[PDB]
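Enquirer: Below is one structure. I have some questions about it.
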Amino acid sequence: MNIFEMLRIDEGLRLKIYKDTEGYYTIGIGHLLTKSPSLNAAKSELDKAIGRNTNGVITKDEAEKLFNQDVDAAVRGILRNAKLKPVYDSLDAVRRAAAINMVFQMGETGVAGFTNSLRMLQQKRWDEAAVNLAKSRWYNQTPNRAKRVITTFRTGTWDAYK
Ligand SMILES: [Cl-]
Ligand SMILES: [Cl-]
C-alpha cells in the first residue's frame, strides 16, 4: 500500500465531471475543478487543466496525470508550510501518507487549522490525537473516510485500508 493506492480508494476514479461530497465540480481522482456553481466554469477549468477541448470528459491516463500532479503538489504544500512541515518530518512513513491524504482532501489551510491535533501528532500521543481529530466538521461530513485516515494515524499501519 502507498499514498496513491490509498487515495485511489478514498476518492474513486470518475471520467466525467461530477459533484463532490460538498457539491463541487470534480473529475478524475478527486481533482477539484472549481467551487463555482457553473458547469461551464467547470468545463473551462477542465480544458485549461488538460490542454484540450474535452467536453467534460477525460481519459484514464489524463486522470492519472492530474492525480500525479495533485499528490506532488500536496506534498510540496506540506513541505512549504511552516506549521505543517515540522509535524510531517516527525512522522513515520505510513503516518506521512495519512497526512498527505488530509491535505489532498482539505487543503493546506484546512489542515493547518487542526492546531491541537497537530501538536498531538508531533508529540506522538496517538490515541489522543485520534480522539481530537474526530471532533471536527471533517469527521462529521465524511465519517468513513475520516475513520480510515484517523485509524492510520492511530496505529501506524494500513489496516483500515485492508
Ligand atoms: Cl491543474
Ligand atoms: Cl465517508
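Take the sequence shown: its letters are residues 1 to 162, numbered as in PDB author numbering.
Think of the CB as a built atom: it goes at the ideal place given N, C-alpha and C, for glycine as much as any other residue.
Looking at the secondary structure, which residues open and close the beta strand (DSSP E) in which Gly28 lies?
Expert: Looking up residue 28 in the sequence shown gives position 28. 25-28 is the span of the beta strand (DSSP E), which, as asked, contains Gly28.
Enquirer: Can you tell me whether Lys43 is buried or exposed? The criterion is at least 16 other CB atoms within 10 Å of its CB, across all chains shown.
Expert: Taking the sequence shown and counting its residues from 1, one reaches residue 43 at position 43. Buried: at least 16 other Cβ atoms inside 10 Å.
Enquirer: Please name the residue, chosen from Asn40, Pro86, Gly156, that lies closest to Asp127 on a Cα-to-Cα basis.
Expert: What you label residue 127 is simply residue 127 of the sequence shown in a count that begins at 1. The shortest C-alpha separation from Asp127 is found at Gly156.
Enquirer: In whole angstroms, what is the alpha-carbon distance linking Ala130 and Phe153?
Expert: What you label residue 130 is simply residue 130 of the sequence shown in a count that begins at 1. What you label residue 153 is simply residue 153 of the sequence shown in a count that begins at 1. The straight-line gap from Cα to Cα measures roughly 7 Å.
Enquirer: DSSP state of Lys16, grouped into three classes?
Expert: Your numbering for residue 16 matches position 16 in the sequence shown. DSSP places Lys16 in strand when its eight states are reduced to three.
Enquirer: Considering just the uninterrupted stretch of the alpha helix (DSSP H) at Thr155, what are its terminal residues?
Expert: For the purposes of this step, residue 155 is identified with residue 155 of the sequence shown, where counting begins at 1. Element bounds for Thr155: 143-155.
Enquirer: Using 8 Å as the threshold, is the stretch 114-126 in touch with the stretch 20-40, meaning 3 or more CB pairs across them?
Expert: Contact check between the stretch 114-126 and the stretch 20-40: fewer than three CB pairs, one atom from each, fall below 8 Å, which does not count as touching.
Enquirer: Where does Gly51 land, buried or exposed, given buried means 16+ other C-beta within 10 angstroms?
Expert: Along the sequence shown, read from residue 1 onward, the residue named residue 51 stands at position 51. The residue in question, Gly51, is exposed, as its Cβ has fewer than 16 Cβ neighbours within 10 Å.
Enquirer: Just to confirm the assignment, what range does the beta strand (DSSP E) spanning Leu33 have?
Expert: Here the question's residue 33 lines up with position 33 in the sequence shown. In this chain, the beta strand (DSSP E) harbouring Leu33 covers 31-34.
Enquirer: Please work out which residues of its chain come closer than 8 Å, Cβ to Cβ, to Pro86, disregarding the five sequence neighbours upstream and downstream, and give them in chain order.
Expert: Here residue 86 refers to the residue found at position 86 when the sequence shown is read from its first residue. Answer for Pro86: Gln122, listed in chain order.
Enquirer: Please classify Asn2 as buried or exposed, where buried requires at least 16 other C-beta atoms within 10 Å of its C-beta.
Expert: Position 2 of the sequence shown holds residue 2. Classification for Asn2: exposed.
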